[PDB]
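Worksheet: the structure to be examined is printed underneath.
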Amino acid sequence: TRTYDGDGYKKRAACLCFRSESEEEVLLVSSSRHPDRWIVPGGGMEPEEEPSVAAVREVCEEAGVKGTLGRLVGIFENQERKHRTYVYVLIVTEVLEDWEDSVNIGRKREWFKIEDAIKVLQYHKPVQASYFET
Ligand SMILES: O=P(O)(O)O[C@H]1[C@@H](OP(=O)(O)O)[C@H](OP(=O)(O)O)[C@@H](OP(=O)(O)OP(=O)(O)O)[C@H](OP(=O)(O)O)[C@H]1OP(=O)(O)O
Ligand SMILES: [Cl-]
Ligand SMILES: [Cl-]
Ligand SMILES: [Mg+2]
Ligand SMILES: [Mg+2]
Ligand SMILES: [Mg+2]
């Protein structure tokens with residue numbers, strides 16, 4: 001069930017899934033519709049679901065990782081697609097071999113240096129590139 005803010009923006013949560021507390025390498029996943037493109041894992045908040053809980057759930061489903069939830073980075077809008085995403089830091093401590101989206105849609109995952117994550121997100125996902133600005 002999709003959920004919405006009072007202005008009709010779809011509510012989403014996502015994590016920047018870092019390898020370590022150094023925050024030098026981040027895990028991106030393939031686009032579901034265009035698997036040659038990379039995205040930051042994330043998705044819709046469920047009814048009454050805390051954003052931090054949604055963020056951790058979506059990372060598990062899409063990227064097959066678990067770890068230590070860190071700070072809220074910020075709340076980011078995509079004006080064209082009308083969605084508003086809470087973005088958290090997650091320090092990955094568990095990498096699972098088989099995960100929901102690998103089994104169901106063959107979703108891929110890959111580690112990127114921050115500068116390279118920004119580069120591959122810029123063309124189709126410039127708001128997700130902007131998650132790393134600070
Ligand atoms: O363009 P499309 O129809 O292929 O899908 C878009 C996006 O559509 P939009 O731009 O109209 O919002 C989906 O949102 P909706 O239309 O379902 O509300 C979104 O689901 P999401 O918010 O993450 O929600 P969850 O399913 O994770 O909860 C999905 O991400 P994937 O999860 O990776 O499939 C995106 O694909 P892409 O980013 O290319 O992978
Ligand atoms: Cl790191
Ligand atoms: Cl976006
Ligand atoms: Mg998603
Ligand atoms: Mg999802
Ligand atoms: Mg979802």
Side-chain angles (χ1 to χ4, degrees):
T1 305
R2 294 178 179 89
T3 66
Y4 300 86
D5 290 321
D7 60 1
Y9 281 50
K10 183 187 166 191
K11 297 185 67 49
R12 303 183 70 253
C15 302
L16 309 184
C17 296
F18 295 112
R19 282 191 87 163
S20 78
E21 288 183 345
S22 75
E23 300 183 3
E24 286 169 349
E25 292 193 15
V26 67
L27 191 69
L28 303 182
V29 302
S30 53
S31 160
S32 53
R33 211 170 68 177
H34 300 104
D36 56 347
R37 308 174 191 178
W38 299 103
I39 70 173
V40 175
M45 300 169 51
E46 295 171 0
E48 304 184 300
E49 188 181 32
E50 279 292 319
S52 54
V53 171
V56 164
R57 177 182 52 69
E58 284 285 342
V59 162
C60 175
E61 293 176 6
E62 298 199 352
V65 300
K66 298 186 190 298
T68 305
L69 185 68
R71 67 199 179 275
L72 177 64
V73 176
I75 305 169
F76 293 80
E77 294 168 20
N78 182 323
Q79 180 168 15
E80 172 188 63
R81 306 312 300 170
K82 303 293 177 190
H83 58 67
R84 181 175 291 110
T85 303
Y86 285 66
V87 177
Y88 292 86
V89 170
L90 181 95
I91 307 306
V92 173
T93 67
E94 307 194 347
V95 176
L96 307 164
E97 179 65 359
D98 292 307
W99 68 99
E100 175 172 318
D101 282 1
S102 176
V103 168
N104 288 336
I105 65 168
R107 204 188 295 261
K108 299 187 296 296
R109 66 187 173 188
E110 187 157 297
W111 295 111
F112 288 79
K113 292 184 286 191
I114 304 314
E115 285 301 316
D116 290 323
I118 293 171
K119 285 180 173 173
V120 297
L121 291 166
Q122 198 69 71
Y123 182 70
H124 289 292
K125 295 294 208 276
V127 177
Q128 299 187 5
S130 88
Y131 297 172
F132 300 93
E133 284 177 2
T134 70

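Numbering starts at 1 and runs along the sequence shown.
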Spacing of CZ belonging to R84 relative to CD belonging to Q79, to within rounding of 0.5 Å: 10.5 Å
Shared ILVMFWY cluster between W38 and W99, side chains joined below 4.5 angstrom? no
Closest heavy-atom pair and its distance - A55, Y88: CB-CD1, 3.7 Å
Is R12 salt-bridged to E62, going by a charged N under 4.0 Å from an acidic O? no
Would you say the side-chain atoms of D7 pair up with the backbone N or O of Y9, donor to acceptor, closer than 3.5 Å? yes
Which of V89, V92, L69, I91 passes side chain to side chain contact (heavy atoms under 4.5 Å, CB included) with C15? Answer is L69
I'd like to know if the side chain of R107 and the backbone of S30 have a donor-acceptor N/O pair within less than 3.5 Å. yes
Taking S22's backbone N and O only, do any of them form a donor-acceptor pair with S20's side chain (distance below 3.5 Å, no angle check)? yes
How far does CH2 of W111 sit from CD of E24, to the nearest 0.5 angstrom? 12.5 Å
To check you understand the geometry: which heavy-atom pair defines the closest contact between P41 and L28, and what is its length? CD-CA, 4.4 Å
Is there a donor-acceptor pair under 3.5 Å between the side chain of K10 and the backbone N or O of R2? no
Side-chain heavy-atom pair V26, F132 within 4.5 angstrom cut-off: yes
Step through the shown structure and confirm whether more than 12 heavy atoms of other residues, nucleotides or ligands are within 6.0 Å of CD on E50. no
Can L90 be reached from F112 by stepping across I, L, V, M, F, W or Y side chains whose heavy atoms are under 4.5 Å apart? no
Where the side chain of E25 meets the backbone of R19, is there a donor-acceptor pair that is under 3.5 Å apart? no
Just how far is it from atom CD of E94 to atom NZ of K66, taken to the nearest 0.5 Å? 7.5 Å
CG-CD distance between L27 and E110, expressed to the nearest 0.5 angstrom: 9.0 Å
State plainly whether one hydrophobic cluster holds both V73 and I118, where clusters connect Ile, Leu, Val, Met, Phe, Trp and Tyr through side-chain heavy atoms under 4.5 angstrom apart. yes
Rounded to the nearest 0.5 angstrom, the OG1-CD distance for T3 and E46 is 8.5 Å
Cluster question for you: counting only ILVMFWY and a side-chain heavy-atom cut-off of under 4.5 Å, with indirect links fine, are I114 and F76 together? yes
Counting only heavy atoms not in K82, do more than 12 sit closer than 6.0 Å to its NZ atom? yes
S31 side, atom OG; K125 side, atom NZ - distance, nearest 0.5 Å: 5.5 Å
Write down the atom of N78, the atom of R81, and the distance for their closest heavy-atom approach. OD1-N, 2.9 Å
ILVMFWY network linking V65 to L96, side-chain heavy atoms under 4.5 angstrom: no
Walk me through it: do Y131 and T85 pass the test side chain to side chain contact (heavy atoms under 4.5 Å, CB included)? CA-CA 10 Å; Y131 297 172; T85 303; 3.8 Å; yes
